[PDB]
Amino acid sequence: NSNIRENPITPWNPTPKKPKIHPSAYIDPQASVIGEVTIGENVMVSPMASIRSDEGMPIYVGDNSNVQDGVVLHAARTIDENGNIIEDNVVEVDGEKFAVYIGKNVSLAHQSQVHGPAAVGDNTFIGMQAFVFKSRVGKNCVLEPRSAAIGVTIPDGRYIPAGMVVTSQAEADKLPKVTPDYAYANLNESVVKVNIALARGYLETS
C-alpha cells in the first residue's frame, strides 16, 4: 500500500501522521492518501484522487461518502510559525476542528476539489469539476458541475447552477432552493448508492 502514506515532518508538523481508513472503504491503487486523514465506512476513492493532509490537517471524509476520479483534497496550514493555531484556517464541526470536513453521504464528483479550510454538510452533491474553498457548504445542497463556492457559507438545501462562481455572501444567501422537481434533487442519493456498491465490489476482488 505505497499509495497510503504518512505525511512528512515539517516546521508545522513535528511527527508523521498516518491515514485512518475504515476496512469497508476502497482506495484505488492509483489514488493517493497522505497524512492525517480519516476515511469512514464504505467510502469509494476512485483512480487519480489525491487526498493530501500534509499542510493543513486533519482531513475527514465521513461514512458513505465518495471521492471520485481526479478529486483533490488539500488544506492551508493550520499551525503558525509560532506554533499557534490559525483559527481562520480551521472549521469547527460538532465541537471538533478540521482543515477539511466532508460529512456523510457526500459525493465529490469527478475532478472536483475541496480545499481547506472547508466543510461540506451531509447528503450534499459536489458536482463534476466544481470547487469549494474557504467555504461551508450546508447539508442537502447541490453544487452543479463547474460551480464554485469561495469564501462563503451555502445555506442548507440550496443549489448553485452550473458554471456559477459564488464569492459573495449576499449572493450565497440568495441561492435557489432544492425542491422535489429540481433536476438534481435526487441525484446524490443515487450516486451514494452506486459508490457504496462499487466499494463493496472492488473490495471483494482485493
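So that there is no doubt, residue numbering starts at 1 and follows the sequence shown.
Stretches compared: 104 to 112, 79 to 87. Higher mean C-alpha B-factor in the entry: 79 to 87.
Taking only CA atoms, the mean B-factor in the PDB entry is higher for 197 to 205 than for the other of 4 to 12 and 197 to 205. Of the candidates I154, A162, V33, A170, the one whose C-alpha carries the top B factor in the deposited record is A170.
Of the candidates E144, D28, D69, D54, the one whose C-alpha carries the top B factor in the deposited record is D54. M128 sits in the lowest third of its chain by CA B factor, as recorded in the PDB entry. Per-chain ranking of the deposited C-alpha B factor places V178 in the highest third. When the modelled residues of the chain are ordered by their C-alpha B factor, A99 lands in the lowest third. In the deposited entry, the Cα temperature factor of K134 places it in the highest third of its chain's modelled residues. In this PDB entry, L73 carries a Cα temperature factor that places it within the lowest third of its chain's modelled residues.
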